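Residue-level structural notes
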Amino acid sequence: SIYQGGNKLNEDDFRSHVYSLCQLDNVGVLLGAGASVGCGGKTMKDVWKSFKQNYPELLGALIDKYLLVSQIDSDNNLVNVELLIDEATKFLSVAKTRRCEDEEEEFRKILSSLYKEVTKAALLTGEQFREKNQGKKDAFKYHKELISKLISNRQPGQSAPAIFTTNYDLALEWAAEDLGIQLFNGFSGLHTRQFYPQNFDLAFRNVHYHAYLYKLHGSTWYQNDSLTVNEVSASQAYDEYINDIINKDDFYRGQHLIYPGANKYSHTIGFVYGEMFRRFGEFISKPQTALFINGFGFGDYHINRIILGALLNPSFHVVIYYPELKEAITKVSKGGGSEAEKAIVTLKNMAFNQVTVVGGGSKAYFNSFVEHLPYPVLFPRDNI
Amino acid sequence: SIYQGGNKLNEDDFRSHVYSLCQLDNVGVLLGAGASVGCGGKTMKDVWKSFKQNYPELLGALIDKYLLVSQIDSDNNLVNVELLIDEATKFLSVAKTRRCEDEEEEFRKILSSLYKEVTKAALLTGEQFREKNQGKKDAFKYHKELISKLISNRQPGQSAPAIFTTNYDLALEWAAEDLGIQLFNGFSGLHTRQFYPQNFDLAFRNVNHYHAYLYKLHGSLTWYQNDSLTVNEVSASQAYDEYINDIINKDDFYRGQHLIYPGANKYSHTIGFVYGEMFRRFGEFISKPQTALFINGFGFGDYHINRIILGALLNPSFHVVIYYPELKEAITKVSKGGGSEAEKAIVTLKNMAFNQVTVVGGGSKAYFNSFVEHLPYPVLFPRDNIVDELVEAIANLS
Amino acid sequence: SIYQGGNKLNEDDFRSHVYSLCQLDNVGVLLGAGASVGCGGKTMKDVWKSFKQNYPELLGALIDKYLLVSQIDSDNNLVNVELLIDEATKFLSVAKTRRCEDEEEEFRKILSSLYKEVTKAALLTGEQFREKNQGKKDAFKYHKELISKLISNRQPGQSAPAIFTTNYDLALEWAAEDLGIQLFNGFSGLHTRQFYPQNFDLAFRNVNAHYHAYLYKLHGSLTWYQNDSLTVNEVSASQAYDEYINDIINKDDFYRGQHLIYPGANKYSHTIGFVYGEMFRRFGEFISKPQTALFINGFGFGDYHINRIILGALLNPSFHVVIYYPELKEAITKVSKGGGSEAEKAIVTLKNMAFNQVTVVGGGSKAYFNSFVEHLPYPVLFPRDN
Amino acid sequence: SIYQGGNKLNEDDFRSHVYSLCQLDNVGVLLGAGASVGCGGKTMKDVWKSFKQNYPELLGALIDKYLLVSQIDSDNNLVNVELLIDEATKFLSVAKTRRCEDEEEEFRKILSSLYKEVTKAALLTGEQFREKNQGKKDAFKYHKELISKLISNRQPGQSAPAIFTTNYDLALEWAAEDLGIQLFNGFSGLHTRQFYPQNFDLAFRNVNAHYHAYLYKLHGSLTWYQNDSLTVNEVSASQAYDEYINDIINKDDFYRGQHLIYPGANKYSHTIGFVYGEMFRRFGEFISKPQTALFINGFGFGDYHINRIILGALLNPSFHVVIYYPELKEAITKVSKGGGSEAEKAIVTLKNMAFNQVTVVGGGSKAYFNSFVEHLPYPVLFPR
Ligand SMILES: NC(=O)c1ccc[n+]([C@@H]2O[C@@H](COP(=O)([O-])OP(=O)(O)OC[C@H]3O[C@@H](n4cnc5c(N)ncnc54)[C@H](O)[C@H]3O)[C@H](O)[C@H]2O)c1
Ligand SMILES: NC(=O)c1ccc[n+]([C@@H]2O[C@@H](COP(=O)([O-])OP(=O)(O)OC[C@H]3O[C@@H](n4cnc5c(N)ncnc54)[C@H](O)[C@H]3O)[C@H](O)[C@H]2O)c1
Ligand SMILES: NC(=O)c1ccc[n+]([C@@H]2O[C@@H](COP(=O)([O-])OP(=O)(O)OC[C@H]3O[C@@H](n4cnc5c(N)ncnc54)[C@H](O)[C@H]3O)[C@H](O)[C@H]2O)c1
Ligand SMILES: NC(=O)c1ccc[n+]([C@@H]2O[C@@H](COP(=O)([O-])OP(=O)(O)OC[C@H]3O[C@@H](n4cnc5c(N)ncnc54)[C@H](O)[C@H]3O)[C@H](O)[C@H]2O)c1
């Protein structure tokens, strides 16, 4: 179920590709919601579902007094939320310009509920989230495996693999804490954690099991209107700030920075995206590379662009896994497609056999991703 | 006229500093409004005056209906266009959402007026702007030689320099064409030019090469869109022929998402992308080691730049030379409790006890004309014009 | 059906030959004008047919009043307009020295209408020509691929492949745009885009290790027109459709150096300019060199310059030529008794030549341009032991 | 004497400049009919006088009926011989197509007169043309010595000199062949000797360190001919004198059709277009390479295209041109009266140009073969 250069590839060639690939100089992984679904995570679609099923007042006000969606479109489960927050800032700044002190109520209620659904669907474990004994659960059956498999396909004098994802929650950090592996996601210390580029370039020397981490959703990173961000336990941050977001139902000020909103200029100085995409750009600009994606929602405009440039590195055999790939092709054939859907279907249909895309379906899940990677052989020896 | 922390600067120190800079990763120069008078463009003051003198009847909406502006800011011209135009677009979008007709029409006409006034001086040529081979006029002569000095100091194999501009003029294209150099600016192609930001990470090689990275900061006349939000660029002729003239002198004729300037459509990710990416490349450029940054003759009318510089002081390789014609007057004004944001910002910046702070109070000497006049030229340097004579002689043959 | 050096060869051996050639030092293709015929183009014979059908009564009157070309000659489709245009300039210069004013109009009609027809057939699109989003057309599905196989079959320390052709159109920058490929065309700048041979010494590379490709267009181009400024400029083509195409088509003015395209027998008519002087020079620098192979689409071979040099260039073993020629049995039977045209004799010249260095292919559908495109096997990736 | 940049120069500086100019990667010499005036040659004015005297009547038909030239224009001797010949042939083709026998014969007579005038005076050997070993004549001895000066000054391992001629006679080649020197002008063979362009991209090598060079012919030759093959079949002069040239030159009236190739006759067909267009072409390729100098001697700049090429080369900022005019003083005197043609206007304007890149060496006798030979030095090792 692998397509490259407009032609199919066989299982033996797939295995040879994998075996050759594991030993390349550099390897990296990015993934969307191909795994968080099993763990119980919530995506933007679930945010829309909850907003539909819990808020009739604001949704009805939008439907008629603003006319920002139709019933059929909402039923189709395709409405956007990040652009909705952008237009919410538009409306509310217009109100603060002309000072309409009634609309402010509804729009700030919408923002409160929205950012609530954003920063309150990242737990996956209820109020147990702040407790201890987290990584040990077996619900990470395959997750943990991945990290292990990617710290054995190595030889002395090689850099650690780089990892990317779209996870709001901290599932993979939980697996790391379980396995005792030395991850890295920007900060150092316990009492004080401050952003520093230099902290992203730390490597260990045995006198090893480790790996890297980089979240697109980013922020345990709290800013109490102090122009700075710091990190401490989920339990402390819970006892301190988000407790007030439990039984108050008040307005949401942008104290601590999390960025699901598309219009970056809504927060013109957002400074967590830059590092993640600097890392991604560095990862593109190298031969002997590999990127995997599996049911990665092609919904970001800035993620469908660097990849088209990335195709111009041949040994960058960019990989795709998408069980529901029929929708994009069907839309392209008749009536055109969306923006990122068109971008990815254009990525695939580049004459190179380097571009590799998987649309197998039931076999494209995270289970295939974990199982396909084999374990290393220390001494191949002479096989003749 | 030049002071370095109360000290005196001589020719030897300047020559040593220039020589040290010439062997650095990046070398560049910057010019402000004072030195950009000759380019032929117009500032925000001209646009605001023309708007308030050509559509006085619409001053009510900015205050009497939406509070977009005050009177003191308008009285002393303390309004930055980008904010007002952005608010106009916000009101237009909300009017579209709310099916409001009168406000829609008012904002459409206001946008038309501001566009008509702003677009005037961006051509740099006028009626003959559509004509190809625009470099025939001598106005661009000064643009050519200087560019050479920005790259002539680079030895073979050295990293190419960069050029930064404040306004949205397009003199660099014609200057490079006259000199015969190409610049990578996202756009690329012949028929369907599109914006490749990966284009930055490229280089040339010799089988058996100097260039520069071109950045368009505050918009552009040649910028546009094609019915798909995809960013395209085209030579000046088609832009001045098809759509620009209609906008200028077609009365009531405006549309939706077709033009990208100045910082206009940020509520749409597609446009914003361009400015965000250019700023990202700038910000990660200063993160380089052994890099030289220049802030020359700048009024510091922006807020993000100053805060970014303050937060980026961790780099021990920051050197700044700024021209400021009138300093005693501004010091007196701020001391009494007056002054604008720019004056306060520059005064605070200059109050750092460092030996890298240089202040120039030569007045008109800060202008481009005076700077050119003061400089000498080599005897053997080619300054005379011979292409015109050769072309005339060739045409004379029959 | 398939021959190499006067003997018969099988398809598998030809495929092995192609695979072995692909790894040599130099690669490049000479897409015959007929390659663009499928892209909406037309041949010189089609131009003759159009010029006959648009002026039927006038053509008949000219034929029966001066008999430059007999009606039977056109009926059999054995007319060479390439000679006709040189004939026309000859006649009209003779008259202009004779000053006959009445005769100074029919030849104007013939020449200007021929130029209009050539340019119109070279547009390839028509009214939609100026509309953008070209590359999305499915027709280029092969042409597109043709330019992606010349960057994957190369490694560090190798030259930049170049593309020869005999086409009016610009259908190489179209794929370039559609795939972001830099097919260096020898031009610099955009606002005033002028050709410069010095641009034939630039190649792309990856700083942290990029792709590139060259361009060699023999048959001029529509965009290449000069106003007696002895210069050629490259501005867009949609920009053109309103500029001069309709204008000249709907102005009815005397002909001049309207745009630099060459229908006519005299190739050195360009005795004043340089274009003609910078599209063979490197051709000769190419075909004669160690580890070289000039690809061709095989039909006709009806020139006095390129083929003349091509045959004589074979004196060194490294050069190889692979061509297709289905017309083997019929042509052999016709030429066995009697003689043939210059082109037919030139092409059958190599039948007597037994050099394995030359190749010929046939078999009808097996000898199409699609076979040429598919005969560019993918570069070795993840090699293993079989 | 010598004027560079509008100022005179001394002998020492000129000698130093000439000595330093010998660092060229490739060396070539350009010649023509200008240098043959002082050795007893004939000019175009003599040719026109001979034509008018032999067959004056013809001058009428072309001059008045066909308007091939004005009466005063003809009297001024401003008709290009090859162009008039070619357009007479074009008239003949017109007559063949449209069957106007009167003009056909009236033009056959004119063409026969033209070839009787040019071919008869071009053999330059009389009855010795049919003889062999024509290189033993002492009349060319001086010329032979000049060749030594061009080859004796080149160190071993350097490129041998090249010879360019603007006329279309083999007298210089006959003189040079007496020394057993080999020249590559794209010809080879004995019994069917032909014209081959690949010779321009091939050369010999020495394994015991002898003489080689390239010759270029532009305006035709005394031999170049044809026989129903569209080729260039060069053979020994005696074959030609015994085959068809005998029947043409001295006979009362005789002319054949598509048989002759000179002095640029049938440019209305491809046959010669490839020849000339591939012999002057390489001359341009000589100036393509950077840092190469060209010398002009015995050439009157009789073609506007040559001035066009010179000016186009001058457009680049790294090109230098040296101009030799045998009759500069006469040209200045003639144009001082307000007359002169387009070529005279162009050359006078170029001379008046005040640039340091213009060098003029013209004093009448100083531009002749004898003065040119005397000015040049002799080899130091040559016995004296
Ligand atoms: N922190 C930053 O600076 C930054 C910068 C850019 C983008 N982002 C975030 O990065 C972008 C990531 O895109 P996302 O929101 O779609 O990621 P997500 O994991 O939160 O959501 C899953 C996405 O994948 C699609 N999908 C559906 N089924 C799937 C499956 N079985 N497997 C995988 N995907 C499936 C969904 O349509 C889509 O929601 C978000 O738009 C945005 O929240 C963050
Ligand atoms: N990619 C980017 O760099 C980027 C990012 C965000 C916005 N923008 C653009 O920025 C938005 C608006 O920016 P702007 O026009 O307000 O900035 P600006 O052009 O006004 O900043 C420079 C100005 O300062 C003035 N000035 C006053 N005193 C001066 C002095 N003493 N010396 C020099 N100059 C002096 C000058 O007239 C003028 O050059 C546009 O909407 C948008 O196009 C660009
Ligand atoms: N300035 C320069 O660079 C320069 C120099 C020399 C010549 N030229 C020009 O170059 C010469 C090009 O010759 P031409 O264009 O007349 O050749 P052509 O188009 O007449 O011949 C090509 C051949 O391809 C055959 N064919 C039929 N079907 C085909 C198919 N499917 N694929 C491929 N071929 C098929 C056709 O029978 C035959 O026309 C012109 O004579 C001349 O105008 C230009
Ligand atoms: N170089 C090319 O590529 C090319 C191509 C086509 C035609 N041609 C023409 O082909 C040749 C045939 O024409 P041609 O019959 O006149 O032969 P040619 O070489 O003798 O032409 C030069 C003419 O200049 C005249 N002249 C006047 N003043 C002179 C002076 N001071 N010194 C020397 N000559 C002086 C000569 O009488 C005469 O020789 C011409 O030389 C040349 O114009 C050249």
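For this deposition, the record names cryo-EM as the technique by which the model was determined and cites 3.60 Å as its resolution.

Under the annotation held in the PDB entry, chain B carries the name SIR2-like domain-containing protein and is attributed to Escherichia coli. This entry carries the title "E. coli dodecamer SIR2".

As recorded by the PDB entry, chain A carries the name SIR2-like domain-containing protein and is attributed to Escherichia coli.

Points about the overall build of chain A
The helix and strand inventory of chain A stands at 15 helices and eight strands. A compact globule built from 384 residues should have a C-alpha radius of gyration of about 21 Å, and chain A, at 22 Å, falls within 12% of that. Expressed as lengths along the three principal axes of its C-alpha atoms, the size of chain A is roughly 80 × 55 × 35 Å. A burial count over chain A gives 45% of its 384 residues as buried. Carbon together with sulfur atoms contributes 53% to the accessible area of chain A, which is approximately 20,600 Å² in total. Distance from the positive charge centre (40 side chains) to the negative charge centre (44 side chains) of chain A: 3 Å.

Topic: the interface of chain C and chain B
Across the boundary between the two partners, chain C contributes 29 residues, which contact 25 residues of chain B. Summed over both sides, the interface of chain C with chain B buries roughly 2,900 Å², with 54% coming from carbon and sulfur. At the surface where chain C touches chain B, the tally comes to zero salt bridges. For the interface between chain C and chain B, the tally reads 14 residue pairs in polar contact. Among the elements of the structure, α9 (173-179), β8 (203-205) and α10 (238-249) of chain C are those that each provide at least two residues to the side of chain C that touches chain B. No other element matches the three residues that β8 of chain C contributes to the side of chain C that touches chain B. The class makeup of the residues in the side of chain C that touches chain B is 10 nonpolar, 12 polar and seven charged. Summarising the sheet, strand β6 (residues 203-205) of chain B and β8 of chain C pair through three bridges and their orientation is antiparallel. Among the inter-strand pairings, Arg205 of chain B is bridged to a residue of β8 of chain C, identified as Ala203 of chain C.

Considering helix α1 (residues 11-22) of chain A
Residue and element names in this part refer to chain A. Its 12 residues give α1 an end-to-end C-alpha distance of 16 Å, which sits within 8% of 16 Å, the value for a rise of 1.5 Å per residue. Residues of α1 that are buried: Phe14, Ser16, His17, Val18, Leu21 and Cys22. Against the buried residues of α1 lie β1 (2-4), β7 (319-321) and α15 (366-372).

Describing the interface of chain B and chain A
Each partner contributes residues to the interface: chain B has 28 residues there, and chain A has 25 residues. Counting each side, the surface lost to burial between chain B and chain A is near 2,700 Å², with a carbon and sulfur contribution of 58%. Interface area lost by chain B to chain A is led by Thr97, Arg98 and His269 of chain B, which between them contribute 22%. Here chain B and chain A share three salt bridges between them. Between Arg98 of chain B and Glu103 of chain A there is a salt bridge, with its nearest N and O atoms 2.5 Å apart. Scanning the region where chain B abuts chain A turns up 11 residue pairs in polar contact. For the side of chain B that touches chain A, the leading source of residues is helix α11 (residues 269-286) of chain B, giving nine residues.

So, the sheet that holds strand β11 (residues 359-360) of chain B
All names here are of chain B. Taking strand neighbours across the sheet as the criterion, the three strands line up as β1-β11-β10 in an open arrangement whose pairing is mixed. Only two strands of the sheet have a single neighbouring strand rather than two, namely β1 (2-3) and β10 (322-323). Pairing analysis gives two bridges linking β1 to β11, with the strands arranged antiparallel. Bridge pairing links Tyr3 to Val359 in β11.

A look at the site of ligand 3
All names here are of chain C. Around ligand 3, 14 residues are found, and the nearest of them are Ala33, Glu82, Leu218, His219 and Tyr262. Take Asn297: an N or O atom from its side chain is 3.4 Å from a nitrogen atom of ligand 3. Residue classes in the shell around ligand 3 are distributed as nine nonpolar, four polar and one charged.

A few points about the sheet that holds strand β8 (residues 356-358) of chain A
Residue and element names in this part refer to chain A. With mixed pairing, four strands are arranged side by side in an open sheet as β2-β1-β8-β7. Two strands bound the open sheet, and with one partner strand each, they are β2 (7-8) and β7. Summarising the sheet, β1 and β8 pair through two bridges and their orientation is antiparallel. Note on β8: the bridge partner recorded for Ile2 is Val358.

Quick word on the side chain of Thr289 of chain A
All names here are of chain A. Summarising the element assignment, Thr289 is placed in the loop between α11 (273-284) and α12 (306-310). Classification of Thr289 by relative accessible area gives buried; the value is 1%. From its side chain, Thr289 meets the backbone oxygen of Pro287 in a polar contact 3.2 Å long. Among residues more than four places away in sequence, those in contact with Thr289 are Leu21, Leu24, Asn26, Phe283, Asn313, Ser315, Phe316 and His317.

A short note on the site of ligand 4
Residue and element names in this part refer to chain D. Residues in contact with ligand 4 amount to 16 residues; listed here are only the nearest, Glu82, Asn167, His219, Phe280 and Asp303. Between ligand 4 and the protein, one listed contact pairs an oxygen atom with a side-chain N or O atom of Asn167 at 3.2 Å. Contact between ligand 4 and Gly302: an oxygen atom at 3.5 Å from a main-chain N or O atom of the residue. Its free accessible area being 810 Å², ligand 4 has 76% of it covered by the protein chains. For the shell around ligand 4, the per-class residue count stands at six nonpolar, seven polar and three charged.

Rules and cut-offs
Residues numbered from 1 in each chain as written, not as in the entry; some residues may be left out. Chains lettered and ligands numbered in written order. Part of a larger assembly, values for the part shown. Heavy atoms only, no water. Helix = DSSP H or I, 4+ residues; strand = E, 2+ residues; numbered from the N terminus. Rg over C-alpha atoms; globule rule 2.2 N^0.38 Å. Buried < 20%, exposed > 50% of the residue type's maximum accessible area, 1.4 Å probe, protein only. Areas by Shrake-Rupley, 256 points an atom, 1.4 Å probe, with all protein chains shown as cover. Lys, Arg positive; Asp, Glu negative; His and termini not counted. Charge placed at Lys NZ, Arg CZ, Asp CG, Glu CD. Contact = heavy atoms within 4.5 Å. Buried area = accessible area lost by both parts, 1.4 Å probe. Salt bridge = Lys/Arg side-chain N within 4 Å of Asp/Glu carboxyl O. Polar contact = N/O pair within 3.5 Å; in protein donor to acceptor, adjacent residues only side chain to side chain. Nonpolar A, V, L, I, M, F, W, Y, C, P; charged D, E, K, R; others polar. Pairing = 2+ DSSP bridges. Expected span 1.5 Å × (residues − 1). Near = heavy atom within 4 Å.

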